[PDB]
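Novice: Experimental structure below, sequence on top.
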Amino acid sequence: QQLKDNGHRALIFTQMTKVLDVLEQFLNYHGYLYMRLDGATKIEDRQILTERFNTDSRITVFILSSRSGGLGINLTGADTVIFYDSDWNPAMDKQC
Amino acid sequence: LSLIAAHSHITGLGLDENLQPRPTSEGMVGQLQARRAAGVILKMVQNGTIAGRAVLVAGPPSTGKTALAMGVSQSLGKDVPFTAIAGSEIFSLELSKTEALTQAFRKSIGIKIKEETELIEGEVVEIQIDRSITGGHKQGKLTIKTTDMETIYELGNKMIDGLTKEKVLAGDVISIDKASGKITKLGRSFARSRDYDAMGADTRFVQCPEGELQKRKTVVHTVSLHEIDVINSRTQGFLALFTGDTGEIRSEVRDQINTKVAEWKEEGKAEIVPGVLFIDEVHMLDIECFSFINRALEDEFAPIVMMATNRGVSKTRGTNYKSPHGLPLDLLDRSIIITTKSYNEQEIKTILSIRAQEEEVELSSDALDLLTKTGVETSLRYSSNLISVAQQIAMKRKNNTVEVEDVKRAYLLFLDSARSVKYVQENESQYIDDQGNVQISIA
Amino acid sequence: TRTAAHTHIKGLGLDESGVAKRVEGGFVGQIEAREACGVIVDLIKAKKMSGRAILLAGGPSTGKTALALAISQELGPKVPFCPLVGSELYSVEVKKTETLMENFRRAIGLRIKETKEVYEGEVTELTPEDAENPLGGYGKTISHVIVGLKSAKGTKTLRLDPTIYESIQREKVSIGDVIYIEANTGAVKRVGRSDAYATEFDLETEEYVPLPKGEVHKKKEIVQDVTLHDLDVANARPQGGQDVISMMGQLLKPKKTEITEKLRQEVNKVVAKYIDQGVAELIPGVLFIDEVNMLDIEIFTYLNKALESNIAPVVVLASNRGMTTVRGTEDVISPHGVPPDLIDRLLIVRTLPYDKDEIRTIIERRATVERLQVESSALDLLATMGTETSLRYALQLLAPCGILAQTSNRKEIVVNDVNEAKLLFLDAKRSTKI
Amino acid sequence: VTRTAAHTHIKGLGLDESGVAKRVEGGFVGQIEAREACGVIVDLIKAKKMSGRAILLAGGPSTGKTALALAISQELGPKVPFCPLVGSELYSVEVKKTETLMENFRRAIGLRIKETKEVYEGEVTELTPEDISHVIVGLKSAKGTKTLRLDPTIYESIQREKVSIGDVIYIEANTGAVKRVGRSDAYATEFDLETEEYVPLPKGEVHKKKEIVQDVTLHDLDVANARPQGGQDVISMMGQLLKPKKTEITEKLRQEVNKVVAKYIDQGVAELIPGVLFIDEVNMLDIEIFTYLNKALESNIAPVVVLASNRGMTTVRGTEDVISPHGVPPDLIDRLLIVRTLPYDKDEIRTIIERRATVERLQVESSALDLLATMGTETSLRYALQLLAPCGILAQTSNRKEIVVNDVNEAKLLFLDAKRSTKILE
Amino acid sequence: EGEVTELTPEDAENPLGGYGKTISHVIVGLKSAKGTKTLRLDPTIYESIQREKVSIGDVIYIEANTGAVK
Amino acid sequence: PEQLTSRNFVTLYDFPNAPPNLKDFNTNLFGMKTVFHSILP
Ligand SMILES: Nc1ncnc2c1ncn2[C@@H]1O[C@H](COP(=O)(O)OP(=O)(O)OP(O)(O)=S)[C@@H](O)[C@H]1O
Ligand SMILES: Nc1ncnc2c1ncn2[C@@H]1O[C@H](COP(=O)(O)OP(=O)(O)OP(O)(O)=S)[C@@H](O)[C@H]1O
Ligand SMILES: Nc1ncnc2c1ncn2[C@@H]1O[C@H](COP(=O)(O)OP(=O)(O)O)[C@@H](O)[C@H]1O
Ligand SMILES: [Mg+2]
Ligand SMILES: [Mg+2]
Ligand SMILES: [Mg+2]
């Protein structure tokens, strides 16, 4: 709520897909426009949705899987990142 | 919607911060012990912790017990339920006495569920709805503006239908609820371009709203426990909320509602605001009603019950033995009794003056003294009723003040109980006796 | 042409800033009671008080019901008067308390004054004027729709807004139709074809209505009268249609129901809103409960509670009893039939018995009302019987005397006819002896 | 934070394993013999063997009968059905007193059953009527898609829920209930402003199957087999708005329901949990209710009904010349076992007042508590119990936490007892 | 009453004669233990026959008092 | 001299920004042989 009031767009990083589903349900109840990136995303679809998030300014929250970040992709359009849960490997958070 | 009624002159119990009754405040005069006890019960209700207490108000007629109840209700104010019923109201034909008492008890417990809603408010700039003739596809966009921002929304089918129904135009300031979907026309921003029909019906302009176009607001839904029970009793119970004919709701419904509301309270979803149930003339209730009251006061979801009685020792209805207050000893054992006393001459005089102020009747000093003497002699309520008739008599005389002669005329025209009894005893042959005999002729 | 028992009671017959005239308005005597009823009527007209009770106390044949009817006539037909007998409260469909409350709210009335501007007339022209499109697009746009209406000694052309096209299509109006269009709402309604085209077709199902008079633009003030009971019943009743609730309502006969306090409070809230808006005015009214002795103690207790309601009418009660036990009680002997708790909340007016001259004047005025002629000796004998047996006995005996006189080809009532009727029709006392 | 009632401090019977009752446990003080008897009754109920057994809690007013009943309910636990009642509650106007008594009898008998729920949920991808005709619906989820054929009732439910392509629904196969949970997330950005509330696409397979254990009563089965009770179809609406009032259920329906329950138990899918029916103030019952209670107790499937009365040598309601020990006719008394409840001395009254004060979060000084105990002994125990809240309110108004003697005296002068009010009347 | 042997609905000689379907009389042949009879029926009776779902070989029952087909 | 006023406009057009038929426009804004002969013989 504070981030949306301030005009910042948040990035949710979690560790397991079930938490992705729970978060999706929560933010769907709260009406936030969003897109989700998961492990099962296709390569072309992954790139296209990354470009969509970078270009579109109407989706406030964007959800990632922390483990899938090992293959990095440009996400310069963000303004704040939220770590729902922590990982044992700090380099994964560093690349996130 | 109200008129000048009997207890319209009291706006509360009139107490200090330490529950010490003022000599005269908020419409109440005297009854210092009674007012202090009523304030203690008021604080007990406002605390919201003590459940199912019973309190009795006893005393002679015209001692202010119903006035005390109205003062308690006014001090409670809104948002705290107050259910005023009479003993005669329980005896119904579609419901049992126990069921009617259960519904009356549950009417006094309120449940508040607070919700946060998003509201769009602004002055319309352009509305545009494009619909194909003989086709179901509709496409529309609107531009709603505020003093600091302006934006365009492309609309779905239901929003288009709602705006078409509401007859929204350019010079309209409207509010949109994103959840409910209702459109409220708050007012107009300018005139309608000087068409023929409706020339000058929009002169009452309203200022353009200011701030963020989409702002969050909180909405509180207050519903009594009985309403929830009626809604969940059957599918047609919602109609029964207005029509009546609720039937005898099965006990399982009430138990499940109790459990669900307790869960809501433990979850913070709902706030429970218990209130006060007030029974006028409780001596009319049957002994079965008193037994049910005895048991139902032990429930955790019960309100605080206050009763009024003036019968002294009298026969309890449904039984053949006299009881100390018209009530069985079982109910008296679990109730605290607050007493009321007769009024002095000065208290009667100031009550009469308060009533005259409320009835907008200007009484001269001598007229007020005569009214006070009459009230002490005959009845407080008799003089209270005589005030307005004296005002009307004065108006007939084309005078703006009530003098002694107007009160004398009102006294002559309208009788008290004692004078009527005397006239009946003197002329008993002219009235029908209990044995059904009367003389109609005068010779 | 009909003659009930109170056709001659036209009013209390008081004078402004004065007292009751000896004979006026059909009333003879009862000066004090008439003055008290006059001050009560003034109080009711003031429309500033609620829950005011007066008791008409007196013997039989003393004018109590006549006084209540005089109050009703003096207040006029606009003030809602609700006559009632105490026996009527004992229903079988609902409790007594519900019936009493329904009568209470039937006594309160509401007056709604609405002014509406309307254009009416036969449709003569229907042309939309093209205008430049703000959004371009090479489409055909209309800025106004022109409707020409012709009326009796009047005709005009209107440049209405383009929105009218929907209402015109929905009401399938045409040239020659006479229509009803509200000035501020924008809706239209056709009442039929013009009578000038009734000859164009020999048969046609539609109804041809006469052309409306006056100018096309007419401003009308419509006044409607409703009671709180009417609003409560209308809100508690289904609309009536093809929906399933109305179907089960058709199946199950509508019985009286305990209208909940929530519905009544909603009705009060909407009424208060519209009163504040300036469209509605509240009229308290009078609730007359004759034979209050018949009411039970439960009804009396509920009256005790209901008189304190912030919105309640003026209740007039009448009782011909002395010291009698209150119904539903075993040892409560109270003045009249009213228990002492309710008597403390009301004001009593006495109704005195009559003298020979008053009875004679009443008899002669009643005979005048019944379009009958009586001789002086016959009138004296009739008054003698009225003072001997009963006033109502003679008042009723007037008509059979007239029938006997008419059978004897005579246009006047004579002592012979009076004695013949006396022998034919016995009173209560002579029959009790027999 | 928490509310307090008459029996909020009663947490159980406070009986040890051997059955002897401690002097002060579970919020009880004294009444050792009655607690032991009620523990024996609780063991009998837990045995789940006998039917129609009845006991009577006989004692004077303010002696601890309703508290004992609530303690029995607490000891048995929330699994078992415990139906509270009053003698005045059986005088219904829709159905006769006998039917109400039988319904309460069958409401106190519990049944626990196992049911398998077939559930479908997903985003709608096709709505094709087969032509009142079946509808072919295609449900998609994150793990797969599925196409189903639905009966006309489900089609009517879907039609009245305004379900279109892209909507997410929830069809329960067993009951035929359709709920439109919202619009799919993939269409959230289609329009910038519409009333639709969006939901994510469901996870897992469309066809889900779960096993839930649900507790029902025999009265629930009787009502289910007697009148229509639910549904989103107009047929169900008309069926239930027709014949709305209660009806006098026949013995045949109860016998058939008993046969059904016996079949369920025999298959092992259900277990029976007999419970307790508590009828307080039994003296309000008429002679007919007692007479039918004589026959109802002889039924082979009946709960352990517990009765409470506070009257002695009182005549039975309805009759005019039958003087009975507790307002209960001798025919029913022979069917009952009487548990006598004894008055309280001063020390136990003092301890009860102390514990009640502790429960309501009040602080009472020892001398003030002694005065409260002695005035409860003089007038009434419940009178002393109700004086605590006004005393606390008075103390708070004086910016003082603990209750003092002066506050108690002020509360006594404000609120009166029955004897004092009667004396004032005299 | 009898067993249906024929059911031959006939239309009007001219299409303009009636409205819509323009159905004229229907011819039905019933068989009994003593012989057969060919009946000429109103279109209302044909509608009743269709409502009761009567085919060739079914035993039917027509009341001339009321026009009811069973 | 009025500052702001609200106008209303109604238009009929085809998707390729083309106007419709004039008579059809006027009909849509607002909304030979025998077919049945009977004679008794
Ligand atoms: N003062 C009066 N002047 C003229 N007619 C009168 C007068 N008082 C009574 N009447 C008539 O006398 C008849 C009987 O009187 P009512 O007033 O109708 O009865 P009542 O006096 O109310 O007695 P009860 O209570 O009805 S038995 C009616 O026809 C009245 O119109
Ligand atoms: N032995 C006890 N120990 C603790 N609290 C008790 C004890 N006995 C009674 N109480 C409490 O004191 C109050 C007495 O009420 P009850 O126990 O219902 O007495 P009762 O026998 O039900 O009287 P009746 O018949 O209902 S009028 C209740 O609040 C009880 O919780
Ligand atoms: N203490 C008081 N202060 C102000 N007004 C009072 C007081 N006591 C009584 N009254 C007035 O006198 C009348 C008494 O009415 P009520 O309270 O109904 O009498 P009762 O106590 O017999 O029910 C009321 O109209 C009330 O306005
Ligand atoms: Mg009162
Ligand atoms: Mg009368
Ligand atoms: Mg008890």
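Specialist: Received, thanks. Numbers count the residues shown, from 1 in each chain, chains lettered A, B, ... in the order given. Ligands and ions are numbered 1, 2, ... in the order given.

Novice: Write out the residues of the stretch 151-300 of chain C neighbouring chain B.
Specialist: Contact residues, the stretch 151-300 of chain C versus chain B (Cβ under 8 Å from any Cβ of the partner chain): C:158-161, C:181, C:183-184, C:186, C:235-236, C:245, C:257-260, C:262-263, C:268-269, C:271-272, C:275, C:282, C:284, C:297-299. Using the backbone N, CA and C atoms, a C-beta is placed for each residue, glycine as well.

Novice: wait, what's in contact with residue C:110?
Specialist: Neighbouring residues of residue C:110 by Cβ atoms under 8 Å, 6 or more residues apart in numbering or on different chains: C:225-228, C:231, C:271, C:280-283.

Novice: now the helices for the chain?
Specialist: With no chain named, the answer covers chain A. With DSSP state H as the criterion, chain A has helices at A:2-6, A:17-29, A:43-55, A:90-95.

Novice: think we crossed wires, I meant chain F
Specialist: Under the criterion DSSP H, chain F carries helices at the ranges F:22-30.

Novice: picking up where we left off before, ligand 3: which of the contacts of residue C:110 is nearest?
Specialist: Nearest to ligand 3 among the contacts of residue C:110, counting by Cβ to the nearest ligand atom, is residue C:282 at 22.1 Å.

Novice: Helices - which of the residues of the stretch 151-300 of chain C next to chain B land there?
Specialist: C:235-236, C:245, C:262-263, C:268-269, C:271-272, C:275, C:297-299.

Novice: Neighbour-wise, which one of those leads?
Specialist: Per-residue neighbour counts (other Cβ atoms under 10 Å in any protein chain shown) across these peak at residue C:299, which has 25 neighbours.

Novice: ok, back up a step: and which of the ones in helices among the residues of the stretch 151-300 of chain C next to chain B is nearest residue A:79?
Specialist: Minimum distance to residue A:79 across those is 49.1 Å, recorded for residue C:269 (Cβ to Cβ).

Novice: check contacts around the closest one.
Specialist: Applying Cβ under 8 Å, 6+ apart, we find residue C:269 in contact with residue B:1.

Novice: now do residue C:308
Specialist: By Cβ under 8 Å, 6+ apart, the contact set of residue C:308 is B:5-7, B:66, C:51.

Novice: can you redo those residues as CSV with neighbour count?
Specialist: CSV is the format used below for the contacts of residue C:308 (neighbours: other Cβ atoms under 10 Å in any protein chain shown):
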residue, neighbour count
B:5, 18
B:6, 22
B:7, 18
B:66, 20
C:51, 22
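
Novice: Columns secondary structure and distance to ligand 2 on top of those, output as CSV?
Specialist: Below are these laid out as CSV (DSSP: H, G, I helix; E, B strand; the rest coil; distance: Cβ to the nearest ligand atom, whole Å):
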residue, secondary structure, distance to ligand 2
B:5, coil, 38
B:6, coil, 36
B:7, coil, 34
B:66, helix, 28
C:51, coil, 39
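
Novice: For these, name the two members farthest from one another.
Specialist: The span of the contacts of residue C:308, defined through Cβ to Cβ, is set by B:66 and C:51 at 12.5 Å.

Novice: Distance of the closest residue to ligand 1 within the stretch 101-250 of chain C relative to residue D:407?
Specialist: Closest to ligand 1 within the stretch 101-250 of chain C is residue C:103: 19.5 Å, counting by Cβ to the nearest ligand atom. Distance, residue C:103 to residue D:407, by Cβ to Cβ, to the nearest Å: 50 Å.

Novice: In contact with the most centrally placed residue in chain A, which residues?
Specialist: The centroid of chain A falls nearest to residue A:63 when counting by Cα atoms, centre = their mean (2.4 Å). Applying Cβ under 8 Å, 6+ apart, we find residue A:63 in contact with A:11-12, A:14, A:20, A:23-24, A:34-37.

Novice: Tell me the bridge partners for it.
Specialist: Beta bridges link residue A:63 to residue A:12, residue A:36, judged by DSSP bridges.

Novice: What ranges does the stretch 301-443 of chain B have for its helices?
Specialist: Remark: helices assigned in the stretch 301-443 of chain B by DSSP state H, counting those that start in this stretch are B:329-333, B:345-358, B:365-377, B:380-396, B:404-413, B:417-426.

Novice: any idea whether the closest residue to chain D within chain C is helix, strand or coil?
Specialist: Nearest residue of chain C to chain D, counting by Cβ to the nearest Cβ: residue C:248, 4.8 Å away. Classification of residue C:248 using DSSP: H, G, I helix; E, B strand; the rest coil returns helix.

Novice: Count the neighbours of it for me.
Specialist: Using other Cβ under 10 Å, residue C:248 has 16 other residues around it.

Novice: again, but for residue B:332
Specialist: By the criterion of other Cβ under 10 Å, residue B:332 has 23 neighbours.

Novice: try residue B:305
Specialist: 24.

Novice: hang on, it packs against residue B:294?
Specialist: No. Applying Cβ atoms under 8 Å, one finds residue B:305 not in contact with residue B:294, separated by 10.9 Å.

Novice: which bits of the stretch 51-200 of chain B sit near chain C?
Specialist: With Cβ under 8 Å from any Cβ as the criterion, the stretch 51-200 of chain B meets chain C at residues B:61-62, B:66, B:84, B:86-89, B:91-94, B:192, B:195-198.

Novice: ChimeraX command to pick out the buried ones of those?
Specialist: A single ChimeraX command is used to select the members of those judged buried by 16 or more other Cβ atoms under 10 Å in any protein chain shown:
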select /B:62,66,84,86,87,88,89,91,92,94,192,195,196,197,198
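
Novice: Now, the residues of the stretch 51-200 of chain B next to chain C that are in strands?
Specialist: Cross-referencing these against strands under DSSP state E gives B:84, B:86.

Novice: Sort out for me which of the residues of the stretch 51-200 of chain B next to chain C are in helices.
Specialist: Secondary structure from DSSP H places residue B:66 of these in helices.

Novice: The residue nearest to residue B:428 when sequence neighbours are not counted: neighbouring residues, count only.
Specialist: The shortest distance from residue B:428 to any non-neighbouring residue, by Cβ to Cβ, 6 or more residues apart in numbering or on different chains, is to residue C:322 (5.9 Å). Residue C:322 has 25 neighbours, counted by other Cβ under 10 Å.

Novice: That'll do, ta.
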